[PDB]
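1. an experimental structure, sequence included, is below.
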Amino acid sequence: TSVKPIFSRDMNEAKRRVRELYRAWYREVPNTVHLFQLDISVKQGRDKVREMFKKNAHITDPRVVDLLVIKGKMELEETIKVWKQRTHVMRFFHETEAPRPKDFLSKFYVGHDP
Amino acid sequence: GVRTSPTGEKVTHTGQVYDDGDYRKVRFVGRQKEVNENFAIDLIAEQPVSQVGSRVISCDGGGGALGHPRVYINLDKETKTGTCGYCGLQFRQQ
Amino acid sequence: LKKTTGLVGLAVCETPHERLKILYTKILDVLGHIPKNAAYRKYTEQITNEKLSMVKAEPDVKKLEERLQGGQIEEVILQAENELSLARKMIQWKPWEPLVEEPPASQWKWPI
Amino acid sequence: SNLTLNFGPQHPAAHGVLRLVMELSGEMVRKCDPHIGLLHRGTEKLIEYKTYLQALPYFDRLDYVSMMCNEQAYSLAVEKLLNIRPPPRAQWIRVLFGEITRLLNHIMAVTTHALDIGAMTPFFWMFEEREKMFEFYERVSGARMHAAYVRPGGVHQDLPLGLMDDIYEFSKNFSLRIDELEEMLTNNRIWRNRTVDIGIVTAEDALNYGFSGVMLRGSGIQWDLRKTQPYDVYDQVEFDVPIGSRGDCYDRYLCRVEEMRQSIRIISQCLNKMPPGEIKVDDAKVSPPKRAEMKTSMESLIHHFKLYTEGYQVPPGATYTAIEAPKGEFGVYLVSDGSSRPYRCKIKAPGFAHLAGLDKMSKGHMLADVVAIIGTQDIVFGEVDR
Amino acid sequence: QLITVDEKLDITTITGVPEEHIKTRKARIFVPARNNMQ
Amino acid sequence: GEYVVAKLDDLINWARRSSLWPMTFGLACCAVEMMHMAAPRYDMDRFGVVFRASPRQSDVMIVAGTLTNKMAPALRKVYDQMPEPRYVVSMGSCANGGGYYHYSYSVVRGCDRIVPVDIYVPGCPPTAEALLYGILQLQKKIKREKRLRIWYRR
Amino acid sequence: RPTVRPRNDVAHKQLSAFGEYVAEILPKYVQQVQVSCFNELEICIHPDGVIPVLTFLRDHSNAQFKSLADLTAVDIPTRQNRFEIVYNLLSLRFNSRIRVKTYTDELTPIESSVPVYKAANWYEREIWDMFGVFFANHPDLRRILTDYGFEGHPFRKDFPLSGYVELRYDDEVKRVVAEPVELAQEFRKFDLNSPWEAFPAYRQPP
Amino acid sequence: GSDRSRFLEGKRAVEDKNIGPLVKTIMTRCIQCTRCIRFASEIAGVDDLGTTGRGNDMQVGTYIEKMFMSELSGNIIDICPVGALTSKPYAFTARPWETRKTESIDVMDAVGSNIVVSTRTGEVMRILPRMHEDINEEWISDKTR
Amino acid sequence: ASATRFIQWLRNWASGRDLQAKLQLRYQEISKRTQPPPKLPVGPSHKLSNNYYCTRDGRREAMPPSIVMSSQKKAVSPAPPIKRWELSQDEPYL
Amino acid sequence: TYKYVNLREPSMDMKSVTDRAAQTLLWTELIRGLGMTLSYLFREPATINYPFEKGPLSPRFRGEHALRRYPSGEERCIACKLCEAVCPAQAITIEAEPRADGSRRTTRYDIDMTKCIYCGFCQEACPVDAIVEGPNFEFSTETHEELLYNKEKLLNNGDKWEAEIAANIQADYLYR
Amino acid sequence: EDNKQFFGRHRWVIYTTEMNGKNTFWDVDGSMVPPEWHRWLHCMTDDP
Amino acid sequence: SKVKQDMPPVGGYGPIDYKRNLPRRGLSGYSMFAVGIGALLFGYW
Ligand code: SF4
Ligand code: SF4
Ligand code: SF4
Ligand code: SF4
Ligand code: SF4
Ligand SMILES: [K+]
Ligand SMILES: [Zn+2]
């Protein structure tokens, strides 16, 4: 279980890098909404940012957290440098995808997928 | 042997035809259903059986290397013709 | 003297024999700080001493070049410079030491 | 400030679309950031679901100006893992069409290089010659561009009767066509003003940045894989390697024009030295038998059936095989797991490393010198992106 | 300098596979049966 | 009224089809055969199809090559900036329906998912003559248009 | 024999001797040395040896592998370290090629070789992009081939051929949108492997 | 084998035998391995298949017009190495490389014979035995098949 | 080829070359578009005897790599130093 | 063997210097280029009068696909699925069953012409010369759906073009 | 035909003004050539 | 029948040029300037 680290040597070191990423993402949303002229609100954009961080809250492996932070920083740069077009920033919201049935009965009616 | 179904749609040599209740025939409205009218099953049955004087005959479909792989056909049965499995020509021992 | 080495960015050398003597001597000095049994020292010392001996005997630059089989004498000077840089790095790395770690059982098996 | 060069010229051009993010100060280029991937099509992953024959056409569509040269590289890699040898007539045909392809590429490289700089007339003169060479491609293969003609084992079909005489007729007049091209560009003060001392690269920097081909030889490096590491019958033909002295766009332009003359010189020897015999390895477990055999012989039919369904199996192993493609060293790292489909196929595109050097080569140049520098590297984003 | 991780190796979050094609899928691990034709 | 509208469509249809200024996306291989159509053997300019144009002066967009997901937004934006009337010619298997990369994770399976297409030119690549046939097929399509006849009957 | 590729015995001896030479000088990192029957020399090294081994081969007077011809990765999911990093180098002085291989897994970083070969800069970005292998101390490590925001590493063996999402233009939102992939015709998987062994010389033990 | 032929004569051709609606016979393909005869006699306990004639003209069959109708008869399709014996219902519908194989269980009786369901483009094409030494070995019944 | 004698002189003089000897348009020198049928030769393995495939099977002579060292003297170079290129005697300087 | 493309030293004698000065001031090398474009103006153009004239092709040309027949009219295709197996683009879809006369024939034979790479591998793989790429290349359509050929379309292409397909095969089959 | 013309211009067709009930006086296209002549017009053969 | 294959003619094909050929044209720089000045002087007179 002795492994080469990426950046952080333990979870407390990793959590620090995570929080800096959240600050950077949190502060960029108002600019992102304006530069790309998005039709979402700043609150909507920040809610998505929280949603994306939230669904990785269970991770307890510092190496995995470093990769998650590394990937998250690359996404921020693409947005900050305006390499992403309007289409790319809006793919987090899936506006054209109809809601997917979640309960048993709804999925039973539509098809065979669980 | 092209023919039409009750709805007036031509039946293909594969037997395909949209049934009465099938919406998919709307694709032909204002257009046409592509159907080839030289049915191979009917054309190959017009060929005359060939009379040969041996138990075994070979067929390459004609044309030598422009035909099909050369196969040998046994003609011992006198109750039926020997048919080529590549081109459908028929042979009978005389 | 030549007019050009023929290689863009590579300048002619006015004193090739003296420059080579400095570089090979510096290499042998650096090789003295490597453990005697390290293969790098034994092999690097051998080739350096062969090249240095050739530089001592041959005064004509053209004739020396056919002896060294290393291209233009400026290319040979450049290579000596890289060897000297390499020898310094090997002192930190110390590659003569035992293998750091074995690979997993089937790391280098092909086909799987 | 910050700019972005357009995807492509307003006139019709065939080399792909680039997104070039530029930093400028005044007229000067401070940084070039090439954003590629706009033609990345996942070729290397697709090849893993194809048999070794099914993957061959993917190589026509990489450097889709040097079609048969890309085929030859893949064929040499597969023939090396198979441990077989293509027959001598096939090798001569492959060198003959390798040099015809080099002409095709260099015409595209040089005249579109002038066309982008604004010298547009030579483009029209020289694609009438390319049109006639497309006819040679179509006469041996039935396709003007993506021939799928060179294959592991040799070539698909033999030259039609009368093809060699027509190739001779074309080669007879071609040097004059190169002469007219040089009349427009070589001594033209405007052309020289656009190319001389533009994009200078030192010999050592060229090697460390992974350059190859003319990008090396323009800086005086004496390297040509046809000479140093010969393949097929390149060791039986006589030609000279053009070498530059100043490492700039103008010296690389002269190298390409001289390489065209040497290709004509090599083609002349292939036409005179073409030997008789078969065109694919007489080994029906690799190369499919003749159609007349397939229709008469039981063994031939079985081998035809298996070669065109499962394909031939390649012994397990990995090779890196490279050729002197018209754009530089074109190689393939081909991994076999013993089956009839490649396990991994990495493609080394010469333009991949060259475009990675654009930032270096453009330092301290004007915005319009970047046009010339991408021109002198001769980039096709089919091979850069795969 | 090596570090220690006592956890179970998991990469579900860094592979980019959509969630439903992780949790709802069933993988079968087997040695394929011989094709009984041959 | 009826007579004038018929002759008036005849005029504008003649003008628009006799002066087809193209914007070519030289995306990949097919752009090479596209260049051969501009080369002296076929000389597309002799039909009124000029050599260079500019997106904002173009009448027809020729999608000549593979369209990847990364390139899709930029191609749609160029189509959106073209002034009308504008036509799209899909050239080759890749642009037609994905072609040899149809099953790739990074390729749009036909440019008709991104823009409306007027003519599909088959081939991999279509020969320069095949593309010229498709361009002259688009002229016939424009010759069939009836903008004023329809407008007059509204 | 006319159909059989001839053997070159002199290059096999030469590359073997040089393989022992490199193994003797770099024992700290070299784990295996082998030469193929078509005479390609491969050095298999511990991943910690990337920079020392590549620097030695570039700068040493008897090596002079100045040109990095290619740098790629191979995914072998059955291995604990699924990724194999392959360096193909060229020596113009000695007219020879060498292949240097190492390994890593999904979470273990490899040292960037940009200091040894500037050519490696884009190759490592492509390996990161397409396999998800991180290179430590890279000047600018980011995606190079895939679309912005693309999730996953397509060249991994377990990434589906057609991916997970596909693009189209949607009139309602007036932009290109990404949706879960649906195929009008599914790709038809073929089982082509014959059930009879082809090459006894490679038989694995029972 | 070798990769080519040196046989310069004409080939043998034999007449086909009708042995029921399940097993199609193209006996020109037979290579006289006698697997069907041995299987029929030992495994199925039916002594209806043999060899008649001699030498190059030795033929496998029943001699008389007989049907080989046994609850295990369809297994001679599997053990015939060549296309001499083939599934009549399956004829001409698919090739083996294009079929997807699903390893499943038979439910036509209570033996639980292990099977492979061959599918192609969403359709069931045929049923094959799956080897299980403790249940069906490598056979299935004609109802299962 | 149809150009008048004056125009031939005019474009010859302007270009500086004799363009008429090397016309870039093709006339009758091309090959006829109908050719006699070929009779292609066969390869060296088209023998009736002494041709066992095990004596000419390239794939089966491939071997797994030789393992020089596995973890489980004079200095050498990977090959002799490359010989210097000689300047062209055809046209050393362009 | 190598040569130098640009390793000339200009002569610095006053005559040569004055020659270069005249070139600079009088633009002589620019006048020379104008002569070359002038010489082309009086050359015959290479343009051909399409569609009244056509580019030359060979019998090997790989164009639009067609399904062929025997002289009796029976289909050559026997549903062996070798073309479907070799197709690099998976552009062919085949289904088959015993015909009413017991013949081994296809019920579905589709070629997605927008997947096809026009590589000709199917006609090489075919053992009976059933599927071929014909000489037609002027078949562009106005809709995507018109490029999804089914067996009826391909059989009609064979009946339409057989007169020329047979001649092309006759001219090239000895090279195959 | 005019063999004095350079290759590619030495053969040509003047299309009919009516084909299959269509007015082709102005509307001609290359698909109107039947297969027997298609081979000759594209120089796949020498014999009409 | 004798094998018939696309081969070069007996004795091989004739010579093929490839070397650069830019013919030398024009007057010396002295002659060009002398003509230019002569034209000026005539115009001035
Ligand atoms: S359709 Fe064919 S020629 Fe055109 S870009 Fe795609 S692969 Fe290349
Ligand atoms: S099992 Fe098949 S090959 Fe063997 S004897 Fe019976 S029919 Fe013939
Ligand atoms: S598939 Fe097998 S049994 Fe059938 S004909 Fe071919 S070799 Fe004979
Ligand atoms: S030409 Fe090639 S891609 Fe097209 S259907 Fe035939 S085999 Fe498939
Ligand atoms: S077209 Fe030919 S290869 Fe394809 S299924 Fe029919 S007979 Fe077989
Ligand atoms: K069987
Ligand atoms: Zn037959």
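-> Sure thing, it's come through. Numbering: from 1, shown residues only, chains lettered A, B, ... in the order given. Ligands and ions are numbered 1, 2, ... in the order given.
2. can you tell me the closest non-neighbouring residue to whichever residue of the stretch 101-250 of chain D sits closest to chain L?
-> With CB to the nearest CB, the shortest gap between the stretch 101-250 of chain D and chain L falls at residue D:159, namely 4.1 Å. Quick note: C-beta positions are derived from backbone N, CA and C, even for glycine. Residue nearest to residue D:159 in three dimensions, not counting chain neighbours: residue L:6, with 4.1 Å by CB to CB, 6 or more residues apart in numbering or on different chains.
3. can you report how many residues neighbour the residue in chain J that chain E sits nearest to?
-> Of chain J, the residue with the smallest distance to chain E, taken as CB to the nearest CB, is residue J:81 at 16.4 Å. Residues contacting residue J:81 under the criterion other CB atoms under 10 Å in any protein chain shown number 21.
4. with residue D:292 instead?
-> 15.
5. quick check, it in contact with residue B:66.
-> No - counting by CB atoms under 8 Å, residue D:292 does not reach residue B:66; the two are 9.6 Å apart.
6. chain A: strands as residue ranges?
-> All strands of chain A, identified by DSSP state E, fall at A:2-3.
7. helices along that one, start to end?
-> Listed in chain order, the helices of chain A (DSSP state H) span residues A:11-35, A:42-54, A:62-80, A:86-89, A:104-110.
8. surely residue G:70 is in a strand?
-> Yes - according to DSSP: H, G, I helix; E, B strand; the rest coil, residue G:70 belongs to a strand.
9. for it, the count of nearby residues, please.
-> Count around residue G:70 with other CB under 10 Å applied: 25.
10. and what of residue A:97?
-> Quick note: residue A:97 (other CB under 10 Å) scores 11 neighbours.
11. pretty sure it contacts residue G:179?
-> Yes - with contact defined as CB under 8 Å, residue A:97 reaches residue G:179; the gap is 6.1 Å.
12. residues near residue H:14, how many?
-> Other residues near residue H:14 number 22, with proximity taken as other CB under 10 Å.
13. how about the helices of chain A, which one is nearest residue J:48?
-> helix A:86-89 (44.2 Å; CB to CB).
14. so what's residue 24 up against?
-> In the absence of a named chain, this looks at chain A. Shown in contact with residue A:24 (CB atoms under 8 Å, 6 or more residues apart in numbering or on different chains): A:73, A:76.
15. try again with chain K
-> Contacts of residue K:24 (CB under 8 Å, 6+ apart): K:15-18, K:32.
16. so which strand or helix has whatever residue of chain L ends up closest to ligand 7?
-> Nearest residue of chain L to ligand 7 (CB to the ion) works out as residue L:1 at 27.0 Å. Here residue L:1 sits in a region with no helix or strand, counting by DSSP states H and E.
17. if I look at it, how far off is residue J:142?
-> 51 Å (CB to CB, to the nearest Å).
18. so residue D:259 sits in a helix?
-> Yes - assessed by three-state DSSP, residue D:259 belongs to a helix.
19. what sits against it?
-> Residue D:259 neighbours (CB under 8 Å, 6+ apart): D:102, D:106, D:214, D:242.
20. need the contact list for residue K:35.
-> Applying CB under 8 Å, 6+ apart, we find residue K:35 in contact with J:135, J:160-165.
21. which residue lies farthest from the center of chain G?
-> Here the centre of chain G is the reference, and by CA atoms, centre = their mean the most remote residue is residue G:172, at 44.0 Å.
22. report the secondary structure state of that one.
-> Going by three-state DSSP: residue G:172 is coil.
23. for it, which non-adjacent residue is closest in space?
-> residue A:96 (6.6 Å).
24. next: residue D:72.
-> Residue D:72 sits nearest to residue D:150 (CB to CB, 6+ apart), 5.0 Å away.
25. correct me if wrong: that neighbour contacts residue D:97.
-> Yes - in this structure, residue D:150 is within contact of residue D:97 by CB under 8 Å, at 7.3 Å.
26. what is in contact with these two at once?
-> With CB under 8 Å, 6+ apart as the test, residue D:150 and residue D:97 both reach residue D:68.
27. possible to save the contacts of residue D:259 as TSV with distance to residue G:202?
-> Output for the contacts of residue D:259, formatted as TSV (distance: CB to CB, whole Å):
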residue	distance to residue G:202
D:102	38
D:106	43
D:214	41
D:242	45
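28. ok, of the residues you listed, which one's closest to residue G:22?
-> Nearest to residue G:22 among the contacts of residue D:259 is residue D:214, at 32.1 Å by CB to CB.
29. and that closest one, how far is that from residue I:73?
-> According to CB to CB, residue D:214 and residue I:73 sit 41 Å apart.
30. before we move on, what about residue A:29?
-> 66 Å.
31. with residue B:56 instead?
-> Residue B:56 is 74 Å from residue I:73, by CB to CB.
32. who has more neighbours, these two?
-> More crowded of residue B:56 and residue I:73, by other CB under 10 Å: residue B:56, with 18 against 11.
33. would you list the phi and psi of that one?
-> The phi/psi pair for residue B:56 (degrees, to the nearest 10) reads phi -120, psi 130.
34. I'd guessed it sits against residue B:72; true?
-> Yes - checked against CB under 8 Å, the pair residue B:56 and residue B:72 is within contact range at 5.3 Å.
35. shared neighbours, the two?
-> H:10, H:12-13.
36. specify which member of those residues is nearest to chain C.
-> Nearest to chain C among these, with distances taken as CB to the nearest CB, is residue H:12, at 42.0 Å.
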